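# Remarks on the overall topology
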Amino acid sequence: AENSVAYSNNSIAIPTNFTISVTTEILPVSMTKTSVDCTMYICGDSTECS
Amino acid sequence: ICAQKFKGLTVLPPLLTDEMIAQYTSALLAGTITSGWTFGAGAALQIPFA
Amino acid sequence: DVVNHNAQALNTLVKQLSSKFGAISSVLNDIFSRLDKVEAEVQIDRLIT
Amino acid sequence: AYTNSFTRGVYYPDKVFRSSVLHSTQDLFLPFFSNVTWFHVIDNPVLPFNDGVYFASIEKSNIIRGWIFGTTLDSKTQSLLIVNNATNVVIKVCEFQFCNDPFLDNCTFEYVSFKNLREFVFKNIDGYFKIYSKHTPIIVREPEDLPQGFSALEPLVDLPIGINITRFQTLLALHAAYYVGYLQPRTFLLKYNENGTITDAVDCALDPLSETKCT
Amino acid sequence: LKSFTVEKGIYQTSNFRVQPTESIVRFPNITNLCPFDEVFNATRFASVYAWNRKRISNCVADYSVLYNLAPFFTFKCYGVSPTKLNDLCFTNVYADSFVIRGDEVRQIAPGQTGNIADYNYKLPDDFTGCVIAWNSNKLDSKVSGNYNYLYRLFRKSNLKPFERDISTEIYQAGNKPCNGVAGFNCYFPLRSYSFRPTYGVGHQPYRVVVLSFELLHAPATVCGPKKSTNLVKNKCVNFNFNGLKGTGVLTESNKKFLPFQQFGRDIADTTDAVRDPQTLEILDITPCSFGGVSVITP
Ligand SMILES: *[C@@H]1O[C@H](CO)[C@@H](O[C@@H]2O[C@H](CO)[C@@H](O[C@@H]3O[C@H](CO[C@H]4O[C@H](CO)[C@@H](O)[C@H](O)[C@@H]4O)[C@@H](O)[C@H](O[C@H]4O[C@H](CO)[C@@H](O)[C@H](O)[C@@H]4O)[C@@H]3O)[C@H](O)[C@H]2NC(C)=O)[C@H](O)[C@H]1NC(C)=O
Ligand SMILES: *[C@@H]1O[C@H](CO)[C@@H](O[C@@H]2O[C@H](CO)[C@@H](O)[C@H](O)[C@H]2NC(C)=O)[C@H](O)[C@H]1NC(C)=O
Ligand SMILES: *[C@@H]1O[C@H](CO)[C@@H](O)[C@H](O)[C@H]1NC(C)=O
Ligand SMILES: *[C@@H]1O[C@H](CO)[C@@H](O)[C@H](O)[C@H]1NC(C)=O
Ligand SMILES: *[C@@H]1O[C@H](CO)[C@@H](O)[C@H](O)[C@H]1NC(C)=O
Ligand SMILES: *[C@@H]1O[C@H](CO)[C@@H](O)[C@H](O)[C@H]1NC(C)=O
Ligand SMILES: *[C@@H]1O[C@H](CO)[C@@H](O)[C@H](O)[C@H]1NC(C)=O
């Protein structure tokens, strides 16, 4: 939405009230810990492929 | 999930369980409520919330 | 998204084992049973790579 | 007389059991919402076979009795004849035409083994004949076209004949309507439940939404 | 870790433990020895361009005849090794047994262009199976020419691969209509090479059998000569189901197979459930070797 601030040489706006807002901020910290067995993944139960 | 376990792809559990993370957040909440910022700089100093 | 990416990468890594990579078969034992050691090694080197 | 197929003609493409999985396959399937040809029972004109035929029949009690397949149908080359009877079912590949008009009264291979809706798929791969079937009846509210719904067709017949087929014709009972459609090479997404039964399918080339579903 | 000194911590160790295997074999119990003598020891072979194909379904394909007898020259197998044909199983075997000139025996290969390679022996691009040849000086060579074999040529059109057909119509080499009557540039289809014993060794006739196998591990009715032993369960064993080899613990399974279904496959399209070819029970395959353990040490 377009706004136009009424700037002037002698004009100030001072709030006469307030409000208390509570917002939510969400942050990832960690992810899934995986582990890979190389021999069991590549060949798998095969001695000559190992 | 069992197909990944059969293929050498395992998932390790985290070291800190969710009960322990909840105990950390409980300690931080109790310190923030009952001491303000004073427990971050050293020993906690009690102060009324007002 | 942190859950979904780590599930999706593992599903892709599991599903990639059905690929042939230019070999005659994606099954490891079928190349050993159907071919002798002269060309079974060069067919399974593609799978290993 | 033309009508519209409604998500029908999906068969089991292989003998592999799969449980609770979406599988994408490339095979000769009847396309979804295709245009099939509809005939009444008086007639059996001779129709081409192409790459495969989806046959369907809605009939009272054994109005449809068999099929004739061939290329020239002039007693020079082999013509596959299937006749089903209340006694026993006969399949032959005898070349010679027996009736002047085919009706219900040295062969290389012989094999002896609106209340009713029957679906069949006949196809050939390198001359090897595959017949898939499904027999589920409809009791009430017959609308004289293809019923809206999904069903899977299980394989029944595999013939190692090597016989070229290009045209075909059906057989009627003598002393109801039937449907014919053609199979095209399509990519299908198939849904398998815990039993292993195909419960849903998506034609990847029907529209951009199903292409997105297949992607 | 490839080191003699291990620091304090927890380490994931790959398995160096040796797991012995026990071979378990399971095959269909058909007892009929295969009539290869109907293909080989027949008095007269079939017509070359009629594509008379012999079907092998209920057999025990013993290849000791193929390897321990004198008249065998080439074993050109595509998609399978001839030295391991006695260990596998096949669904249906098909035989094309015709007699070709010896110098044209090299033309029996997919992707080749020739009079033999384009018209009768047109193997497809995905062909699997063997080509076998041997000499026929005693049987297929006659004085003043042998006329038991007729050959088709003089056309610029190539037929479809593995489509049996008979072309009794005259091959229209010329633009004029032959209509079954010999005329200008109209050649009859069947031509005799007239094999003689006085010809050269390359021009001597050769008996050639092309065996086409289906190498799938489907319900198989053709198997090589091998016993079937006891089914060991709940232990790390090898297994050999219809030529399908594998290693793993075979256990009882509750996967309700459809009556036409043979195999069960996993997410990675690996074989997880099998059906016994004799007892028709369903078995689940579990991997043998544990992948690795963790070692907690100071
Ligand atoms: C700065 O801003 C704050 C608010 O952000 C002003 O503070 C007062 O805030 C309270 C609530 O926070 C307001 O209290 C409410 O007043 C309603 C009055 O509505 C009646 O009157 C108006 C005007 O005559 C009519 O238009 C209207 O239709 C009504 O007839 C009450 O109805 C409310 O009661 C409800 O909530 C209470 C709990 O708060 C329940 O117990 C009740 O049962 C009921 O459900 C409520 O009490 C109050 O109006 C605000 N004050 C003023 C003057 O408006 C500050 O005043 C403001 N400061 C400055 C300088 O502007
Ligand atoms: C199966 O048989 C039909 C007819 O018996 C074959 O169709 C012929 O194909 C040739 C070559 O294109 C044409 O010259 C003929 O006119 C066709 N005949 C008819 C009646 O249309 C067909 O090629 C055979 N093979 C297959 C795979 O369908
Ligand atoms: C502020 O004063 C200056 C100097 O007289 C004048 O030029 C300017 O226009 C004034 N601004 C406003 C918003 O009146
Ligand atoms: C089927 O074809 C007929 C004409 O052959 C046409 O009128 C009809 O709209 C078509 N149906 C569909 C669903 O495309
Ligand atoms: C069957 O007999 C007819 C009659 O002569 C003959 O034309 C045909 O070729 C025969 N078919 C076979 C397969 O022997
Ligand atoms: C699978 O079959 C069992 C019976 O063996 C049945 O109880 C179950 O409901 C079926 N699964 C589904 C999804 O219907
Ligand atoms: C032989 O095979 C049949 C069917 O395949 C089976 O019922 C029977 O138990 C088998 N016998 C033996 C001794 O394996």
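For this deposited structure, the header cites cryo-EM as the method used and 3.36 Å as the resolution.

Within the PDB entry, the label attached to chain D reads Spike glycoprotein, and the organism entered is Severe acute respiratory syndrome coronavirus 2.

Where the PDB entry is consulted, chain A appears under the name Spike glycoprotein, with the organism given as Severe acute respiratory syndrome coronavirus 2.

With that settled, the discussion passes to the packing of aromatic side chains. Residue and element names in this part refer to chain D. Tallying each qualifying case throughout the model produces 37 aromatic pairs over all chains. Ring plane angle 85° and centroid distance 6.5 Å describe the contact between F49 and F168, whose orientation is recorded as edge-to-face. Neither residue differs from the other here; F49 and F168 are each classed as buried. Pairing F55 with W67 gives two aromatic rings, centres 5.7 Å apart and planes at 90°, and the pair type is edge-to-face. Of this pair, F55 sits in strand β7 (residues 52-59) while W67 sits in strand β8 (residues 64-70), and the two are 12 residues apart along the sequence. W67 shares its class with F55; the two are buried. Within the aromatic cluster, the residues linked to one another by ring pairs are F39, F49, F55, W67, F69, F120, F122, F129, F168 and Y178.

Sulfur atoms bridged by a disulfide sit less than 2.5 Å apart; for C43 of chain A and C49 of chain A, annotated as such a bridge in UniProt, the distance of 2.0 Å is consistent with the bond. Take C43 of chain A and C49 of chain A: they sit in the same class, and that class is buried.

This part covers the interface of chain B and chain C. With 4 residues of chain B in contact, the opposing surface of chain C contributes 5 residues. Summing both sides of the interface, chain B and chain C together bury roughly 380 Å²; the carbon and sulfur share of this comes to 84%. Ranking the residues of chain B by area buried against chain C places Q4, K7 and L9 of chain B at the top, with a combined share of 86%. Taken together, the links from chain B to chain C amount to 0 salt bridges. The interface formed by chain B and chain C includes 1 residue pair in polar contact.

On to the interface of chain E and chain D. Many structure descriptions define interface size as the accessible area lost when the parts assemble. Tallying the contact residues gives 16 residues for chain E and 14 residues for chain D. Of the roughly 1400 Å² buried between chain E and chain D, counting both surfaces, carbon and sulfur atoms make up 53%. The largest contributions to the chain E side of the interface with chain D come from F260, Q261 and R265 of chain E, which together make up 39% of the buried area. For the pair chain E and chain D, the interface holds 1 salt bridge. At the surface where chain E touches chain D, the tally comes to 4 residue pairs in polar contact.

The next thing to look at is the sheet that holds strand β16 (residues 177-182) of chain D. Across a sheet, strands are paired by hydrogen bonds formed along the backbone, either parallel or antiparallel in direction. All names here are of chain D. If you walk across this open sheet you meet the 8 strands as β1-β5-β16-β7-β12-β13-β14-β2, and the pairing is mixed. The two strands at the open ends of the sheet, each matched to only one other strand, are β1 (2-4) and β2 (10-11). Across 8 bridges, the pairing between strand β12 (residues 116-125) and strand β13 (residues 128-135) is antiparallel. Within the sheet, the bridge partner assigned to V121 lies in β13 and is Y132.

Residues and elements named next belong to chain E. Relative to the helices and strands, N115 resides in helix α2 (residues 115-119). Once the C-alpha coordinates of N115 and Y151 are considered, the two residues, 36 residues apart in sequence, prove to be 9.1 Å apart. Setting aside chain neighbours within four positions, we find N115 in contact with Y49, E104, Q107 and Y193. Looking at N115, its side chain comes within polar contact range of the side chain of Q107, at 3.5 Å.

Summed over all chains, the structure comprises 19 salt bridges over all chains. In this structure, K76 of chain D and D74 of chain D form a salt bridge, with 3.2 Å as the shortest nitrogen-oxygen distance. The class for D74 of chain D is partly exposed, based on a relative accessible area of 33%. Where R44 of chain E meets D140 of chain E, a salt bridge forms, and the shortest distance between an N and an O atom there is 2.5 Å. One end of the pair, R44 of chain E, is in the loop between β2 (25-26) and β3 (53-56); the other, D140 of chain E, is in the loop between β8 (129-135) and β9 (151-152), and 96 residues separate them in sequence. Counted as one network, the salt bridges with shared partners bring together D14 and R18 of chain D together with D269 of chain E.

All names here are of chain C. Taking 1.5 Å of rise per residue, 12 residues should cover 16 Å, and helix α3 (residues 37-48) covers 16 Å from first to last C-alpha, within 8% of that figure. Among the residues of α3, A40, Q43, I44 and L47 are the ones counted as buried. Buried residues along α3 cover an arc of 95° about the axis, so they all sit on one side. What points out from α3, more than 90 degrees from its buried face, is the exposed set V38 and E41. Structurally, α3 contributes buried residues whose contacts are with α2 (28-34).

The residue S33 of chain C is located in helix α2 in this model. Among the polar contacts listed, one links the side chain of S33 of chain C to the backbone oxygen of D30 of chain C, at a separation of 3.0 Å. Every residue in contact with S33 of chain C, bar those within four places of it in the chain, is listed here: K84 and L88 of chain E.

We now examine empty space enclosed by the protein. Residues and elements named next belong to chain E. Volume-wise, the largest cavity comes out at about 40 Å³. Around the largest cavity sit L66, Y67, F75, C77, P82, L85, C130, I132, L211 and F213, which together line it. Looking at the lining of the largest cavity, the elements with two or more residues in it are α1 (64-67), β5 (74-78) and β8.

What follows covers the state of the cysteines. The full count for this structure, using the stated rule, is 8 disulfides over all chains. Disulfide pairing places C94 of chain D opposite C107 of chain D at an S-S distance of 2.0 Å. In this structure, the disulfide formed by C94 of chain D and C107 of chain D twists by about 110° around the S-S bond and is classed as right-handed. When the bonded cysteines of chain D are numbered from the N-terminus onward, they pair as 1-2, 3-4. With no disulfide of its own, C38 of chain A lies 8.7 Å from the sulfur of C43 of chain A, the closest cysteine sulfur. Not engaged in a disulfide, the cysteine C99 of chain D finds its nearest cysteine sulfur in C94 of chain D; these two sulfurs lie 13 Å apart. A relative accessible area of 25% means that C99 of chain D is categorised as partly exposed.

What counts, and at which threshold
- Residues numbered from 1 in each chain as written, not as in the entry; some residues may be left out.
- Chains lettered and ligands numbered in written order.
- Part of a larger assembly, values for the part shown.
- Heavy atoms only, no water.
- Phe/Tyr/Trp six-rings, centres within 6.5 Å; stacked < 30°, edge-to-face > 60°.
- Buried < 20%, exposed > 50% of the residue type's maximum accessible area, 1.4 Å probe, protein only.
- Helix = DSSP H or I, 4+ residues; strand = E, 2+ residues; numbered from the N terminus.
- Disulfide = S-S within 2.5 Å.
- UniProt positions renumbered as here; feature names shortened; annotations may be inferred.
- Contact = heavy atoms within 4.5 Å.
- Buried area = accessible area lost by both parts, 1.4 Å probe.
- Salt bridge = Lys/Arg side-chain N within 4 Å of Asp/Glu carboxyl O.
- Polar contact = N/O pair within 3.5 Å; in protein donor to acceptor, adjacent residues only side chain to side chain.
- Pairing = 2+ DSSP bridges.
- Expected span 1.5 Å × (residues − 1).
- Arc of directions from axis to C-beta.
- 1 Å grid on protein atoms, 1.4 Å probe; cavity = no way out; pocket = protein on both sides within 12 Å on 5 of 7 lines; lining within 4 Å.
- Points joined across faces, edges and corners; volume = space filled by probe spheres on them.

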